[PDB]
């Protein structure tokens, strides 16, 4: 009703080397009301199956600009000028098992509405684990040392269908 829905078709970065994995999938967002915390769904494939598991970071980056693949999306979206991992799109780490990632998350800080909306911004999936600001360099407090940008998408307005169908 006042519920907001968004979607993001994660696709490999245009700038990848042949050696890098090619990650594809979907991120869905659902926010029951403007003041509500964000719910999300993440389902990705294309990670290496050996090693059989890994931890990978996903965040929101400032610009839905895929002109240089994921590189052109800019830094973590940071409308309140705070350190990582206080950015609204700091979604954290996700467990990859046998090449796949499948996870719902709730209580996210980001919004689909208002001045700090992530609609039209980028979701970026990284090669590495987010150290959550606990590493011993400046990068830790910018991006969590999450490493190379594997795959990304622009967050789009969508209907309720995708979320309803996925939930079943």
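Positions refer to the first chain, counted from 1.
Taking the mean C-alpha B-factor of each stretch as recorded, 26-34 and 47-55 are not equal, and the higher mean is that of 47-55. When the modelled residues of the chain are ordered by their C-alpha B factor, residue 63 lands in the lowest third. Remark: residue 146 belongs to the middle third of its chain, ranked by C-alpha B-factor as recorded. Residue 167: CA B factor lies in the highest third for its chain, per the PDB record. Residue 94: CA B factor in the middle third of modelled residues in this chain (values from the PDB entry). Looking at the C-alpha B-factors along this chain, the one for residue 114 belongs to the highest third.
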